[PDB]
Structures are given as structure tokens and as C-alpha cells.
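Only one chain is given next, in C-alpha cells, and it is the form solved without its partner chain.
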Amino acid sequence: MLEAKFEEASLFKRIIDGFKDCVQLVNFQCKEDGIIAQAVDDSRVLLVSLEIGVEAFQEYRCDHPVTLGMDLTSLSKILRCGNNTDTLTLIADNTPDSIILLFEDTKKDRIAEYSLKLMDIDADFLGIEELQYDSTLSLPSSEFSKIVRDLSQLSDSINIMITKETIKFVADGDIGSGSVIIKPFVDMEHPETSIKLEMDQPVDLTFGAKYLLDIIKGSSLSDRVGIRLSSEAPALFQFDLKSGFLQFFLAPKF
């Protein structure tokens, strides 16, 4: 028995809308203490992992772990029918092959119920917390957005380079070339504008701008961004959310 009940269907719509940018399929790992929205893009390059914690809901029951694979197009179709100030509850039993979406309107008025068929998402999700990375930095989301949006205009590739006390994004191209150098920087009057860097190894990794463009959309949900890089694993982009947590995993370019 799973009963995930959001106060407003707009909160769930916002999540479904977000994923709809990167991915087309999503796999909802529902557990006792929340839901983990796992997703792989169509090129299998970018991996999305979203932690929706118990506190995100108005009521949450999960007596047993269930996995709910859903088509994001179909799911959007149902989402249109209910009102934004409607209470949305996802209902599934143990071992589900179908799911129920219950929209409810207040006072004890109106209940709208729609069914959706789950799909089987077989491939195992490779969310890598990776026990150790070469470099870990954190910076304002807006700043990281600005950099990525500028340099993507110069190329489809953005290289990230970490040295002792230096982070450098670079994009060379055919019209021109550009690069931002940013440094560790702390301010007490405005702590939310700090840049943190930790290094154990220099890193030099090239990334597809279109992917980084997808990632930066996480800033609309958070004001800092954690970036953990390493020459063996995909890069980890993390955002802290009220819901819980947002993680992108990106394969470097050859």
C-alpha cells in the first residue's frame, strides 16, 4: 500500500514539468521515507536523480518498496485534468502494474480518479555517490548558470579545469573563444555568494553544452550548486532542495 499525497497537484506538476526537459521516462523508487525520481536521458549520457522526502507531502504511506515506471507524456496528460489547488494522491498496492491518481477538492466536494499503466524500466540506475572524487567545488547557481549560458553560445563543448585555488571554464570555437576564471572567495555580509573549492588532483574535463544547459535549470529550485569532478567517474551536479535533493550525473566528452 502506497499513498503519496501532495497538498497541491501543482507541486507534482512542477516536478513532472522539470523532468520533461531532460528525460521522457521516469522511474519512481518509492520507499518508507520518500520517493527517489530516477531518470536517464535518451542518449544515456545524463542521469537525473531527485529525492522527494516525506516532508514534501501532506501524508505519506509506504508499507513496502515499489517502483513506478511512468511515461512522462501520458503522466502530463492526466495532470492537465486536475486543478492546481487540488489535492493529488498517488495510490498503488504492493507489486503494482497500474497506478491511481486521485484529485480531490476541499470541504468533501469532488473526487476525480484517473488510472495510468506503469512501464517496466529494466536497466539498473547508476547514481554514483562515488566514494572519492578528484575535485569538489560549490558556487551560486545563478553564477554557474551565467557562465554556462555564455560559453554555450561559443561552442557545444565546455571544458572545466581545476587547479590549486583556480576554477576555469573554457569554450573555444569557430566564431571566437571565451573563458571564465573564478577563485575561492568568502564573504561574511553575504554568505550565499561564496565560492568553495577543494582539490586533491587537477581535473580537465570537457562537457556537452546542451547537457550543462539542462543541468543549470536546477538553479530555479536552489541557490547553490555542488560540482564534484573526477577523471574516472561521471561528474556530479547537486542542488539542495526543500523537497529533498537534486543530482545530475554527466559523462564527459571523448
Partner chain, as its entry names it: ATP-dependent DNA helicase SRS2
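Numbering follows the first chain given and starts at 1. The term rigid core refers to the most C-alpha atoms you can superpose between the two forms while keeping them within 1.5 Å.
Although not depicted, the form deposited with its partner chain bound is the subject of the following passage.
Novice: Heavy atom to heavy atom, is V203 within 4.5 Å of its partner chain in the deposited bound form?
Specialist: No, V203 is distant from the partner.
Novice: Residue-level contact is defined here as any heavy atom of the residue lying within 4.5 Å of its partner chain in the deposited bound form; does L246 satisfy this criterion?
Specialist: Close contact is absent here: in the deposited bound form, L246 is far from its partner chain, nothing within 4.5 Å, heavy atoms only.
Novice: Hey, in the deposited bound form, does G208 get a heavy atom within 4.5 angstroms of its partner chain?
Specialist: Result yes; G208 sits at the interface with its partner chain in the deposited bound form.
Novice: With the partner left out of view, is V40 within 4.5 angstroms of its partner chain in the deposited bound form by any non-hydrogen atom?
Specialist: Flag for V40 set to yes.
Novice: Taking the rigid core as reference, which of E165, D97, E113, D124 is displaced at the C-alpha by at least 2 Å between the shown form and the other one?
Specialist: It is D124.
Novice: Note whether the distance between the C-alpha atoms of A123 and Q38 decreases (closer) or increases (farther) in the deposited bound form, against the displayed form; the change is 3 Å or more.
Specialist: Here the pair is farther apart than in the deposited bound form; there, closer.
Novice: Tell me whether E129 and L221 end up closer or farther apart in the deposited bound form, going by their C-alpha atoms; the shift is 3 Å or more.
Specialist: Farther apart, by at least 3 Å.
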